[PDB]
């Protein structure tokens, strides 16, 4: 699908990256309410990396499923040498190029994109899920497997029950939630990406959860796809 040409990727020093984040950060809108049964499709995005001939590479997979049946309707991927981090703390910038490339290959138009990564739950509310939203022009959701501790703030462990959650609050603001997707197993960390409220992010995520993994269906499939493709390229180097 078509994507918005938000900005270029010519940033050099950390100052450049901060300026881009601060600009987009003021364009974040978490007011949209979106019911799970009102959408036609949901997409999952993930990225995998590996060492190769001395240079770092990455493969981004986007898995699109039918919202109602949860069946896979489209799969695309992008692959290329990832840019070596000349700065630190801006992973999203070195991932976006591959993400945009993959999204451009999409024949479908996903109504929402769930990312294997953070969104609003980020030091500057500018995690990959949120950042990618501007380019995609679509609502996005952040699904993180690990907790990013901000301002020295720790989260409250959610109940053992499925769907249980706790709000991660920093400076009196809700950054996201610690969510128990699969009972008793490690919870995931949910945050709005952009163009959607926490309630909807939560409802859509839970509607995509089955007792097989703690990651919503779309994201679990993308993750598995990025791993199989990476293994393919590695053994065929």
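Positions refer to the first chain, counted from 1.
Mean CA temperature factor is higher for 77 to 85 when stretches 153 to 161 and 77 to 85 are set side by side in the entry. For the pair 163 to 171 and 92 to 100, the mean Cα B-factor is higher in 92 to 100.
When the Cα B-factors of 197, 66, 212, 37 are read from the PDB record, 212 comes out highest. Remark: residue 32 belongs to the middle third of its chain, ranked by C-alpha B-factor as recorded. Per the PDB record, residue ranking by Cα B-factor puts residue 42 in the lowest third of the chain. Ranked by Cα temperature factor within the chain, residue 114 sits in the lowest third according to the deposited record. When the modelled residues of the chain are ordered by their C-alpha B factor, residue 129 lands in the middle third. The PDB entry assigns residue 148 a C-alpha temperature factor belonging to the highest third of its chain's modelled residues.
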